[PDB]
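See below for the structure under consideration.
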Amino acid sequence: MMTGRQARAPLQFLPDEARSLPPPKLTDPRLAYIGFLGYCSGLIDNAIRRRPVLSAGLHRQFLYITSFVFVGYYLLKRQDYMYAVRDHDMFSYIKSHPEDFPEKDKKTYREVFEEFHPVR
Amino acid sequence: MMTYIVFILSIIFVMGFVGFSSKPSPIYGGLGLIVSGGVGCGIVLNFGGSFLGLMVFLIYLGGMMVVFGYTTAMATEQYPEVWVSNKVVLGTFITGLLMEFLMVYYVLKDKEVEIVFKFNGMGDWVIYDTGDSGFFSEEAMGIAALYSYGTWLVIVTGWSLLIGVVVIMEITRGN
Amino acid sequence: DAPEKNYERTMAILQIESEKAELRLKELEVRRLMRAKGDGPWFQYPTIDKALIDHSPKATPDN
Amino acid sequence: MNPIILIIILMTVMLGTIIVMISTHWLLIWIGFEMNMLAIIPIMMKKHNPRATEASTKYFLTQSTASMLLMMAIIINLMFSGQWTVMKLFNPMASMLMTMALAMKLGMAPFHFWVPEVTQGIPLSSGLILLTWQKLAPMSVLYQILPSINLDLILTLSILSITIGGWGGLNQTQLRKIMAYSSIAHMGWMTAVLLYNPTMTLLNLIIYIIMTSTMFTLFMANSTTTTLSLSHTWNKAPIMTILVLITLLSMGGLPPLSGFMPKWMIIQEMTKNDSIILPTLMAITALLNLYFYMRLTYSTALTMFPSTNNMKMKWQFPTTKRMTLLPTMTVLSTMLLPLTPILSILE
Amino acid sequence: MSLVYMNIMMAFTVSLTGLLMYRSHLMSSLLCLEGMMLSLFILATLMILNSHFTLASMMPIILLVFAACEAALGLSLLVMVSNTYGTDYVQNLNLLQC
Amino acid sequence: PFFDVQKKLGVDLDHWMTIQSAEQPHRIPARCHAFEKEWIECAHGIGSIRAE
Amino acid sequence: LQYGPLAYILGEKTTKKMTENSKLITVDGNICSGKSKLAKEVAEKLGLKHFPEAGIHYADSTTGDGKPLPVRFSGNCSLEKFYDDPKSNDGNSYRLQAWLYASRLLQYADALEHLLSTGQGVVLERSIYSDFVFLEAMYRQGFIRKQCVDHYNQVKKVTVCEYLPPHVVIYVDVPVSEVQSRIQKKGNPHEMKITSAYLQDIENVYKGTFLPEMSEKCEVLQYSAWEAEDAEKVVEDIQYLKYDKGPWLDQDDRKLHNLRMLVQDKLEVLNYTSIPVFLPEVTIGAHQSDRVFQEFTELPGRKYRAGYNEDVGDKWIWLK
Amino acid sequence: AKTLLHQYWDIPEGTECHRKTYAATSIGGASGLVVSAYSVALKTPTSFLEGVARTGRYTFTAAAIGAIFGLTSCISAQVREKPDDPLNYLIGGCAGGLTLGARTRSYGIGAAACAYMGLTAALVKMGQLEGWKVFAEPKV
Amino acid sequence: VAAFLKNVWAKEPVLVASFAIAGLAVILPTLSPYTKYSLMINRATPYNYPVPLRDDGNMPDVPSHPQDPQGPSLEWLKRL
Ligand SMILES: CCCCCCCCCCCCCCCCCC(=O)OC[C@H](COP(=O)(O)OCCN)OC(=O)CCCCCCCCCCCCCCCCC
Ligand SMILES: CCCCCCCCCCCCCCCCCC(=O)OC[C@H](COP(=O)(O)OCCN)OC(=O)CCCCCCCCCCCCCCCCC
Ligand SMILES: Nc1ncnc2c1ncn2[C@@H]1O[C@H](COP(=O)(O)O)[C@@H](O)[C@H]1O
């Protein structure tokens, strides 16, 4: 859809303009959900290899959590970047074309006649 | 009729394709494809394709010799069909011949034809160049630049031939 | 919770949701106009770059 | 096979798919498909039994026919456009022929007649590569020519793939033909939303690759080939029954699992364009895929089929198999739906 | 367009339908694939030599190379059919039906 | 997914065989050189939908 | 992990330790052929590793501490009650036969792993090529059915076609009367009930089915009763053989590498031992296997992976 | 044969009976030849006369479906004096279902074909009324 | 390196000559001064026409005639 925008900066994950946007918090609930995905990956990795699921591999579970948080933080940054570029392009296109988007006469209901349909 | 010389060589081309496309036996398939490939470098060589037509002659001669070796070695039955042994070979062979000469009769009558695309009936002497090419045939310079500009093309083609040899040695190992 | 608390919380929720609804309708109409025309920053399907063209004087002048 | 030769062959398969993905020239697209086929043939012939030779013969015939149609579409674009940019095709005849070529490379119906035979004949990892990595290059070429693809042809091929891959999986007790008709149905799912919004097509492609890699990785981790050999999993490794349960319920499109993510988004991009009938029929036809998924969960997890004696020895050994990324693929295949707006990274 | 393109596309369709309708013999379809590559070679080379676009004159050579670079593969995939079976018929290749 | 590696790394893999107006061996012109130059500079940047 | 494709790529070629001493040897014979000690003699003059005969509890001795597990966990069968009741209804016979073949397949896998990793030859007792002959005696005395023989031949067909026959296979000629006399002098109260035609059919399927196929794929050294008592006799007659037969000759590092990767995955070894072919002598139902498996979870050291058990006093589980 | 569906729908309902019946018969015959081609393709007939008898059987079956379908639809749309009404196509689809049951020599197939083909023809008439597009153009 | 060279020169001498000629043909064009003369001969060969330039007024190294002294010379080719 937006393939003409990301053709002057090819294969750049986060461009120079991506730093203008506020980053996700380190207490981001989406990043906390990805940390829970890391905790579940650690528990499944201790379950499929018949280990004590809550005790074996504290380093292993902690590296699963750290790896999913480290991937998911940059994925959330690219997510925020792409939705911000979408809204920026939308609003600049609306501003650039006044004759395509009329401002309606926002009437009140004392003139607007609705057809009533009684239940009986 | 002589101005249609590329047309006549192309009618022989389609006749060879009908000859080996009915699949009588790969011996006679090799015969029909040698005939079609040998007039392929009569079609394409009357454009200026000396080198680039001699290659499709030479590589396909090596190909049909190897194809002969395999259809003599593994793909051989007791009574190989010439063209007329099986009825289903000869029926579609005669069908291809009469359908090709049917469209020949339709293209030398109207001088225009349309199977899906549209094709003129005048000979392809009109579509040539009215210019000179100096001290070089242009296709020879183009295939000479396979070593100057085409670096990545040489790399991927050499790697494809290398792994094609390796792939074929991994397949014909049996274990 | 207080009735004023729930009431004004409801009004803030209605403001945020009405803004998101109007902007989703703007999103649909903007995508419709850009697929119809192609004048915007979206739907710029790639064509040939004009930097590839050799502008040097060639062999024959008829070009 | 010599492991150096196996590594070189896998790097050549990756090189062929990358040459399809990164090249701007039609001949390099064709060379990438030629390299991909030529280097995936020994992956189908790693164990040297006649079923693999039959599978590789049928696969080479279908992919060679598709390559011929692809090069004819390339030469017709060279006629009607005089150039070589991988962009929109400048002829509806060339667009039809390239759509046929890519449909034969994907195994979309009614060119689907090679996927269950070839997937049954070859081992599990080769079937995994055939059903995941071979769906990246023709979907890339379909992604790059979408202003020229005819609407009715690609929609016909898509919904026909969905219906026939739904019906074909009901009458198979073999796991690999089940995954093959699931592959036909899911390629129909991907290509049905291709011209409407192709980011959702890439989303469906990636979610299907994750789910299929989860399923084949579980099949390699338990060394199961049939439904009846998978039936003894609760006696061998009981957590694997939970894993195949949640993944088979993911691939059918049940919320709150991740396989409900592409399908619903597809409907989210097909009711926008005043097409209500076609995603409705797609949502109805998803129930067939979900039905033989429910059949496999009934056989494996939700009941207990009777086992045999020598399982008592296999209790005493842990699985020493390289279960590569299996918890990662499980978690990203079942618990991904609350991050549905991650799809913007594919825009 | 010109007259010779009709017959080269016709030879392509003839070798197509010869490939796309079998006769219980696989070498005769390897020959039909090589015929389709012949028609592709001649059609691309006619277009290139007509337009005098010389830089893609290396393109048919490469094309012809990949012809045998799959067709020899078929030969390696023929004998593995014909070492299992005494022939190379296509009705020996129906054990993947169950 | 058009991973544009050739514009990312700056390499020039196949942007030379792409058009008839590119850099040619010994400056051999094509018979549609002027028309293709006009069509490429006419339809650069304006996208496919407006360019058609 | 210890071995894989990476170590093969990094220079560990399996013919760097493939010397002339790498001789996998198997001593065949009847029940009391005087051979069970003789293998140890062949083990203690050639400097080779002796594996005992795989009974019910071979896998019990390999994994864990090695103590004999209870019979309801391993086999769920009997050899003594097989000798007392060969013609039982519940099928002790084929259940014990299939469990013994699984144990001998694990024994042969351990033999090939030790041989292909340590360079030392392994001396077995009644390897997997000499197992089906006992089945034939159990078919020639009416102890099992035809379907059990079909099931066992399918299992052995899908398991033995991925291995090699041994280098030297020793066979011992002891007649039936001397076997019976050593059984009577043994004093074993269950072993005495073995019928005579059972042993005669063991000898018949030895001489007519095993040796007409092994003599072309290995080397036979056929000894009688008296000459199988001298150690250096059989040891030196192994020591001066000309090895040309058998498929040990067309083995490079690649094929032996694929064999070693097949061997070191013991579940891949034992994958098609328990195939889902529903036969009433081996099919253990849902609740019975469920109860026995949940009791196997409660066995000490058997709940988790082999270094993750606090009940046996394992250290550093929270960093493993 | 898209133009066959054109010159079926390019004629107003309740006006011309035999031409609409011929167009519906031609559409049914084209569908029957498609089914005949795939039937002689994917399942080999043991004789060429076997194959052409199956081809003629499937052709006359789908042609009789299309014929009695369009005929009952046009006759009901005339004799009810309601041209744009889906109940006419409902009765026509049920007549085509009983046609398929009488040609397949089975009653339950005919009744199920009545019900589901009546639903199908109702959907066709409503999609022709409100302009429902099944292969809809991408526009937003 | 000498003992294995003698061994392979005893066993497979055609391969020794092959690898010797191949290695010298790889390494030796980087140790010869004549390669710049190769490139200059190849780019001093006028296939096309030496296209004239419009005299805008200020081109201090471009001649107006072939016998004008400014421009590239090829006396190095005739001496070498
Ligand atoms: C739209 C464009 C998007 C592009 C995204 C690109 C992402 C990377 C490429 C993904 C595509 C799949 C490529 C790999 C296919 C399988 C390769 C393979 O066969 O690997 C061999 C290996 C064998 O393992 P083992 O089970 O020990 O083998 C038994 C012996 N046959 O292992 C296996 O067979 C197990 C599976 C190995 C690969 C698993 C990981 C990749 C796919 C699952 C998703 C994992 C999450 C991270 C990446 C997300 C994006 C895909
Ligand atoms: C460096 C430049 C690039 C070099 C690579 C490209 C070379 C291009 C020329 C064509 C070569 C094609 C054929 C190459 C085959 C090599 C492999 C080979 O044949 O090895 C086997 C051979 C012993 O033969 P055997 O295995 O016993 O055969 C069975 C019965 N005949 O083993 C041998 O005969 C041993 C051969 C290796 C040792 C040769 C040493 C020659 C030294 C010459 C002087 C130094 C030159 C500098 C470069 C040295 C490079 C090593
Ligand atoms: N495959 C088999 N079937 C039946 N009995 C066996 C089998 N293998 C070994 N035995 C018995 O195992 C015992 C061997 O004990 P020993 O020879 O004293 O070590 C004898 O009673 C044999 O009959």
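Top line first, the protein sequences correspond to chains A, B, C, D, E, F, G, H and I. In terms of the working numbering, the first sequence has 112 at position 114, counting the first letter as 1, and numbering is strictly consecutive. In terms of the working numbering, the second sequence has 628 at position 46, counting the first letter as 1, and numbering is strictly consecutive. In terms of the working numbering, the third sequence has 39 at position 17, counting the first letter as 1, and numbering is strictly consecutive. In terms of the working numbering, the fourth sequence has 240 at position 214, counting the first letter as 1, and numbering is strictly consecutive. In terms of the working numbering, the fifth sequence has 206 at position 45, counting the first letter as 1, and numbering is strictly consecutive. In terms of the working numbering, the sixth sequence has 128 at position 35, counting the first letter as 1, and numbering is strictly consecutive. In terms of the working numbering, the seventh sequence has 163 at position 153, counting the first letter as 1, and numbering is strictly consecutive. In terms of the working numbering, the eighth sequence has 85 at position 104, counting the first letter as 1, and numbering is strictly consecutive. In terms of the working numbering, the ninth sequence has 327 at position 50, counting the first letter as 1, and numbering is strictly consecutive. Backbone N, C-alpha and C fix where the C-beta goes; we use that ideal spot for every residue, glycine too.
Leaving aside the five residues that flank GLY99 (chain H) on each side, the residues in its chain whose CB is nearer than 6 Å to its CB run, in chain order, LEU71, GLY74 and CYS75. When 8 Å is used as the limit between beta carbons, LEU74 (chain A) is near no residue of chain F, the shortest such separation being about 21 Å.
Within the stretch 218 to 233 of chain D, the residues whose Cβ lies closer than 9 Å to some Cβ of chain H are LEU221, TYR222 and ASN223, listed in chain order.
In terms of CA proximity to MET113 (chain D), D:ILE55 leads the group D:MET126, D:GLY147, D:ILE55 and D:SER93. Judged by beta-carbon spacing, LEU179 (chain D) lies beyond the 7 Å limit of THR91 (chain D), meaning their Cβ atoms are not closer than that value. At a C-beta separation below 9 Å, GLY36 (chain A) has no neighbours in chain C, since its nearest C-beta there lies roughly 31 Å away. Exposure of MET647 (chain B) is indicated by the presence of fewer than 16 other C-beta atoms within 10 angstroms of its C-beta. With respect to the 7 Å criterion, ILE753 (chain B) and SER237 (chain E) are classified as neighbours on the basis of their beta carbons. Residues of the stretch 276 to 294 of chain G with a Cβ closer than 7 Å to any Cβ of chain D, in chain order: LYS276, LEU277, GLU278, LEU280, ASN281, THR283, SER284, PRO286, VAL292, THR293 and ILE294. A Cβ of chain D is located within less than 7 Å of the beta carbon of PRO15 (chain G). Assigned with DSSP and collapsed to three states, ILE180 (chain D) falls in helix. At a cut-off of 6 Å, the beta-carbon of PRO353 (chain D) does not count as near ligand 1: no heavy atom of the ligand is closer than that. Taking the C-beta atoms as reference points, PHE83 (chain G) is found nearer than 7 Å to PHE306 (chain G).
Looking only at D:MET361, D:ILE101, D:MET94 and D:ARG202, the smallest Cα-Cα distance to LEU256 (chain D) is reached by D:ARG202.
The stretch 66 to 77 of chain C and the stretch 0 to 20 of chain A touch, with three or more beta-carbon pairs separated by less than 8 Å. Pairing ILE725 (chain B) with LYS691 (chain B), the inter-Cα distance amounts to about 40 Å. When beta bridges are read from the DSSP output, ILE697 (chain B) appears opposite B:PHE699.
The three-state reading of DSSP puts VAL736 (chain B) in helix, counting H, G and I together. Exclusion of the five residues before and after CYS125 (chain F) leaves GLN113 as the residues of its chain whose Cβ lies within less than 8 Å of its Cβ.
With a threshold of 16 other beta carbon atoms within 10 Å, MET33 (chain C) falls short and is exposed.
Setting aside the 5 residues that flank it on each side, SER12 (chain H) is surrounded in the same chain by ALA43, each with a C-beta closer than 6 Å to its C-beta; the list follows chain order. Using a cutoff of 6 Å, the CB of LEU228 (chain D) counts as near ligand 1, since one of the ligand's heavy atoms is closer than that. Shown here, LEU134 (chain G) sits in a strand according to DSSP, grouped into three states. For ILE44 (chain D), the secondary structure class from DSSP, reduced to helix, strand or coil, is helix. DSSP lists G:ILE294 as the bridge partner or partners of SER333 (chain D).
Beta bridge pairing from DSSP links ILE35 (chain G) with G:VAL133 and G:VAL178. In the DSSP assignment, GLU229 (chain G) falls within the beta strand (DSSP E) that extends over 229 to 233.
Of all C-beta pairs linking the stretch 609 to 625 of chain B to the stretch 695 to 702 of chain B, fewer than three are shorter than 8 Å, placing the two stretches out of contact.
Relative to ligand 1, even the nearest heavy atom lies 6 Å or more away from the CB of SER249 (chain D). For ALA58 (chain C), not one C-beta of chain I is nearer than 7 Å to its own C-beta. Residues of chain C whose Cβ lies closer than 8 Å to the Cβ of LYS120 (chain H) are, in chain order, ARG54, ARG57 and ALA58. CA-to-CA, the gap between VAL339 (chain I) and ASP345 (chain I) works out to about 9 Å.
For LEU36 (chain C), there are no CB contacts under 8 Å within the same chain when 5 residues up- and downstream are skipped.
Here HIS51 (chain D) carries a strand assignment [DSSP, helix/strand/coil]. Closest option to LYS59 (chain G), judged by alpha-carbon separation, among G:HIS177, G:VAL159, G:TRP109 and G:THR128: G:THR128. One alpha carbon belongs to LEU174 (chain G), the other to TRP258 (chain G), and they sit about 7 Å apart.
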